[PDB]
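Residue numbers (the UniProt record's numbering), protein chains in the order written: chain A, 2 to 254; chain B, 1 to 255; chain C, 2 to 254; chain D, 2 to 353. To start, the structure under review is shown below, and the notes come after it.
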Amino acid sequence: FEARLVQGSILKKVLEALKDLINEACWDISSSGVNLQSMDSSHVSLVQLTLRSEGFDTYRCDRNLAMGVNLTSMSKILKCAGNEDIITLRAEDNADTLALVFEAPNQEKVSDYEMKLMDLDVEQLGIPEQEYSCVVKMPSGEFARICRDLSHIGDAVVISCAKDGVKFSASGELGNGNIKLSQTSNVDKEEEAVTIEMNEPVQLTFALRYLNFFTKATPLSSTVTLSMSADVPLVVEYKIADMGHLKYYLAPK
Amino acid sequence: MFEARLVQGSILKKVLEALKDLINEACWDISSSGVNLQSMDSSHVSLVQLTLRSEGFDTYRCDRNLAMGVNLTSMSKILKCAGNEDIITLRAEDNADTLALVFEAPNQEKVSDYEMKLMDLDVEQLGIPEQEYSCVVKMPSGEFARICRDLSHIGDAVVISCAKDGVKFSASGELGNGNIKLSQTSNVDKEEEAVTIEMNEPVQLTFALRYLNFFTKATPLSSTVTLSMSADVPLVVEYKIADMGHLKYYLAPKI
Amino acid sequence: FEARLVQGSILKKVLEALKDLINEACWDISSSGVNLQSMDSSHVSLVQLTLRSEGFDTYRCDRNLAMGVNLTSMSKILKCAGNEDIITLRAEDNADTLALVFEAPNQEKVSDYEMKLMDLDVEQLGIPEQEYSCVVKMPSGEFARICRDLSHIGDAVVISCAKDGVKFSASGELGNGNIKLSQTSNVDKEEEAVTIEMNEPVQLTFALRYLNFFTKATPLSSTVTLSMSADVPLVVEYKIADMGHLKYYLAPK
Amino acid sequence: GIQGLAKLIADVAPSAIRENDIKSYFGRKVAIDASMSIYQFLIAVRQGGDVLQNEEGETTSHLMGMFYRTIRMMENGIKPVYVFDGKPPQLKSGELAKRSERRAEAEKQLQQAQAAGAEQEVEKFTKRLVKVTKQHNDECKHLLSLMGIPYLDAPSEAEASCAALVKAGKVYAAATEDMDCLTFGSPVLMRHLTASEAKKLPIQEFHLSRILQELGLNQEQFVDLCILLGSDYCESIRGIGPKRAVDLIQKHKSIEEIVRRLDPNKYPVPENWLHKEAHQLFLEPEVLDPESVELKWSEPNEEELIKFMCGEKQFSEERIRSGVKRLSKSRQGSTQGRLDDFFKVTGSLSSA
DNA sequence: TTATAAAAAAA
DNA sequence: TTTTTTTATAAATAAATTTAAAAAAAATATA
DNA sequence: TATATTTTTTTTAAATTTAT
């Protein structure tokens, strides 16, 4: 296994997105691409990371390798990689070391980094693609401010879906928070416009600590895809630029 | 019945950022002349005489005199939800148990209609006489924040000395003695870096530093600090907002 | 004693470097410079300092006086000075007060600061001036990246010297790490990159808490002159531009 | 000693109690009932049994306790004055005989507890019986004289002299755990002045003006209510507790109208009443003149105080030297004034 | 000088 | 159906000292 | 440079014996 990646900030933001949720997970690396479908340490939220092999630059993979990494530890290893460094993953068959090589853009620093992995139980949940009636395409900064600023009021948000727009409501000791968002149908910039596709209106209640942990992924993309339907887990999808996606799951409160 | 549409909502955000840690529970005195506040510290040292006049508000109306009781930590925690360019609308109704804060961004589409539960607060209002202060020091606000923070690094008391040539900020502590001196900068023309001192009597008073560090969180409101003071008269730290009102901070001297 | 610095941010960065390494120091004020030799709180890392007299604006020294200064207090008093402040170090022969005079670049504010000086005069250990086998004159922020990003994974770096590149090898319990640099003597970039004067190989295990204390002098100099040999403490020069230099010493483990 | 008045203030008007912290009274002159302090330090200061003494057999727990508490209150800016009780009044003698009977039966259980062999009951009933003497108050005033902190001697009641001290404006507030100082006429009453933390003991600041505003009463109305809750100076009704006293004071204003409307078949009226002289003594006790006494917190003496505290008591002289150094350090510091004496209140403002 | 849980008594 | 004596109970502390523990200002990192 | 964001200092409230 060898996966050279000329923009290491994507994998750095992935590991700053998942070190708060998941402590230990099995990286299901295959020939089609890097897949990570794992459930968090508190056993509430499910994270589906898919990094396609077409998005990688020099991707080769012999067999289906499933190594169990420590997310805080290799996140601390990816602290050593800069914003612009070229991350080259490297692995062997008989070895259990995830060899990480960081290369400078001006080719002056080579940072080799091995790992001491341990095995874990390979639990594949596999939530199927339920047809989501209300899909919402939000910007990253707006969803980050909505979750981070309704989280100060209560531990529960109430997301409401409509044709006119999405309504984020939150109650608690701090009065009543209630946020409208008018559906801008491609009139502004497409990275800023909110487009909603509604079949029936969806009114659900979700937690906000797990949604803060989900919206830590907002440096990865400029668009957040919220998919809602009745009594299903909530998809919080972060579409990485032609390099697969990153989907979160949350059961309603 | 009380609708107070304010376009520059960063002013109210910076007011509650200033007022979140000095006083913890304040009673806003809403009249038809404008939103006012007059609340003391819990240790009875500092007084926050805040006014926000009705001329600077974009749409201000109130049918009667109202006095809601607001947890200011809660109002800072709900006013941190608004951004720096939100139009902030204050809404209160008949028998207001709650206050509705509407944050509408102009270029964006977020109609952030928050509400906040009020408090059963009974505080006292104090009549401030319009005294002629002897030494009035108009001087830059970030310079005052630098002076208060960098003399709170030494000790817990600043002995403010005022004269014709300039104001001297002396702070005696366990590390040493830090004598920050200032010069009268009306001869050199600057747009905001001007220490304008109007002195009548040379005053020499000692003030605390925890309360001055609580005062210097009002520095993003304006660049002007009007240090009005006299001999055995409490210090006035006035933050003159250019839009409406002025945030006046009162501080009892040390003996 | 009256040393006036036009660039008082130099002394600000010196005391921000030495605020946490050493606590109480003996400023051996010479007639032609400002000198300091002290060891740390665990007495394992030696700090040498030399601020030359020609870098100051006005310098007088009527008597060779050795002030005893707690550097945490004078670091807190130098935190009051701005980064553009003209700093005058007035002293007295009989009175034990260091009258630090910080002046603004515009003539509107002068801020006088005495401080209380104790008496701590100990036997300084003079290092012998010896030739060094591996002199690595490499940029400072690169060394800050080495110290922080290898203290993330371990508590020891084992630096290897070679002609083509210098290798910082950390082998902590979280995993292995080999950051290897490249030799460039101001070839590509505008300032001086990693220049190695290697004669004999260097294979020494070092410490990272004390290197993390050492790398807080990185706002002073753009480059770090790492000079070391076999079974000797290394020399970490922070050559201040026309004001003097700052040295650091740490014995191998 | 008022039965359940603190529960009545905590149930009726919680706004009258301002639970503050020990450092918040950093400029207030405070009058302390010293007998509560001496009784607090002669009970709590123990090591599994006997009172902490010297080798001469002299009781000296109260001096070391007041030394620690008083220097910890100069550390928090309190300038105290200790008001000592003198000759007790004639109406005090009934509760004094009741307390003497309580100490006599505690002596009886101490007599049958030494033969039992249980060491916990011995120290427990040693805590149950404490009698202060002239010698304890004499060395207490000697330690206060050597600390440079003034003492006042009440002619009749130290709570009455405390309430006369607060009413004359010489001190800010009275400091006793009793509710007697509210009855004798102190507008502000402080409680629980120990040396503890914020979470452990707050300072129960009882404002009498807030009590009279919330209950709709005045000074002679609160005295009759305080009789009806069972003061030590008289005897209350067997059928009237706290809430019934609130309802009957809000029904009948003076206590004579309560006498004018009772039934002896339902409510047992105590014969041979003492309420008239108790009302005339809570309204008008005999006290010292507070305008004729000047209160000075002078510099503490050092060498006579260390030879008094260690030459005959065998104490840790470094702790006494450090305590006198902290008192002299915190005495000469610049006190912070309030805004209550610079700007005056023009009116309150409630919530709407 | 408190403060309790507990309990018969009583409005 | 709460209230009220009426019981026999319990109790009044503060520093020398760690020590685990929770904030609160320092010093990066980042949009 | 705000704006958070973790690290890490800084209290600080616990829980022990001594305060003879």
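By construction, the Cβ of each residue, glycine as well, lies at the ideal position given by its N, Cα and C atoms.
{"Item": "Below-8 Å beta-carbon distance, residue 107 (chain A) vs any chain C residue", "Value": "yes"}
{"Item": "Residue 226 (chain C) burial status per 10 Å Cβ neighbour count (16 or more: buried)", "Value": "buried"}
{"Item": "C-beta neighbour in chain B for residue 333 (chain D), strict 8 Å", "Value": "no"}
{"Item": "Three-pair Cβ contact test at 8 Å for the stretch 133-150 of chain B versus the stretch 196-206 of chain B", "Value": "yes"}
{"Item": "DSSP state of residue 102 (chain C) mapped onto helix, strand, coil", "Value": "strand"}
{"Item": "Of the listed residues B:229, B:81 and B:128, nearest to residue 110 (chain B) (C-alpha basis)", "Value": "B:81"}
{"Item": "Residue 23 (chain D), buried or exposed, once every other Cβ within 10 Å from all chains shown has been counted against 16", "Value": "buried"}
{"Item": "Alpha-carbon to alpha-carbon, residue 74 (chain B) and residue 176 (chain A)", "Value": "9 Å"}
{"Item": "Any 3 or more C-beta pairs closer than 8 Å across the stretch 49-62 of chain B and the stretch 212-232 of chain A", "Value": "no"}
{"Item": "Proximity below 8 Å, CB of residue 119 (chain B) to CB of residue 16 (chain D)", "Value": "no"}
{"Item": "Contacts that residue 185 (chain A) makes with chain B (C-beta to C-beta distance below 7 Å)", "Value": "109"}
{"Item": "is_contact[residue 225 (chain B), chain C] using C-beta, thresh 8 Å", "Value": "no"}
{"Item": "Distance CB(residue 299 (chain D))-CB(residue 78 (chain D)) smaller than 8 Å", "Value": "no"}
{"Item": "Rounded straight-line distance, which links the Cα of residue 124 (chain C) to that of residue 240 (chain C)", "Value": "25 Å"}
{"Item": "Contact with chain B by residue 93 (chain C), beta-carbon distance below 8 Å", "Value": "no"}
{"Item": "From A:68, A:167, A:16 and A:50, residue whose alpha carbon lies closest to that of residue 116 (chain A)", "Value": "A:68"}
{"Item": "8 Å Cβ cutoff, residue 182 (chain A) in contact with chain B", "Value": "yes"}
{"Item": "Contact list for residue 285 (chain C) against chain A, beta-carbon separation under 7 Å", "Value": "The displayed coordinates of chain C run from 2 to 254. Any statement about residue 285 (chain C) would go beyond what the structure contains."}
{"Item": "Environment of residue 272 (chain D) [buried if 16+ CB atoms lie within 10 Å]", "Value": "exposed"}
{"Item": "Three-state class that DSSP yields for residue 178 (chain C) in the structure shown", "Value": "strand"}
{"Item": "Per-residue contacts from residue 127 (chain A) into chain B (C-beta, under 8 Å)", "Value": "Here the premise fails: no neighbours, minimum Cβ distance about 36 Å."}
{"Item": "Continuous alpha helix (DSSP H) stretch holding residue 324 (chain A): start and end", "Value": "Because chain A spans 2 through 254 in this model, residue 324 (chain A) falls outside it and cannot be assessed."}
{"Item": "Three CB pairs or more closer than 8 Å across the stretch 117-125 of chain D and the stretch 171-188 of chain D", "Value": "no"}
{"Item": "Exposure label - residue 336 (chain D); buried when at least 16 CB within 10 Å", "Value": "exposed"}
{"Item": "Element boundaries [alpha helix (DSSP H), containing residue 236 (chain A)]", "Value": "It is not in any alpha helix (DSSP H) - residue 236 (chain A) instead sits in the beta strand (DSSP E) that spans 236-239."}
{"Item": "Residue 44 (chain B) at chain D interface by Cβ criterion, 8 Å", "Value": "yes"}
{"Item": "Distance between residue 254 (chain A) and residue 185 (chain A) (C-alpha atoms, nearest Å)", "Value": "29 Å"}
{"Item": "Any 3 or more C-beta pairs closer than 8 Å across the stretch 48-55 of chain B and the stretch 88-107 of chain B", "Value": "no"}
{"Item": "Residue nearest to residue 171 (chain A) in terms of C-alpha spacing, selected from A:187, A:164 and A:153", "Value": "A:153"}
{"Item": "Bridge partners - residue 35 (chain C), DSSP secondary structure assignment", "Value": "C:30 and C:52"}
{"Item": "Rounded C-alpha distance that separates residue 193 (chain B) from residue 178 (chain B)", "Value": "22 Å"}
{"Item": "Cβ neighbours of residue 142 (chain D) in the same chain (closer than 6 Å, five flanking residues each side left out)", "Value": "152"}
{"Item": "Under 8 Å by beta carbon: chain A residues contacting residue 115 (chain B)", "Value": "176, 177, 178 and 179"}
{"Item": "8 Å Cβ cutoff, residue 143 (chain A) in contact with chain B", "Value": "yes"}
{"Item": "N- and C-terminal bounds of the beta strand (DSSP E) containing residue 78 (chain B)", "Value": "Element bounds for residue 78 (chain B): not the beta strand (DSSP E) but the alpha helix (DSSP H), 72-79."}
{"Item": "Close beta carbons around residue 71 (chain C), own chain, < 6 Å, minus the five adjacent residues each side", "Value": "25"}
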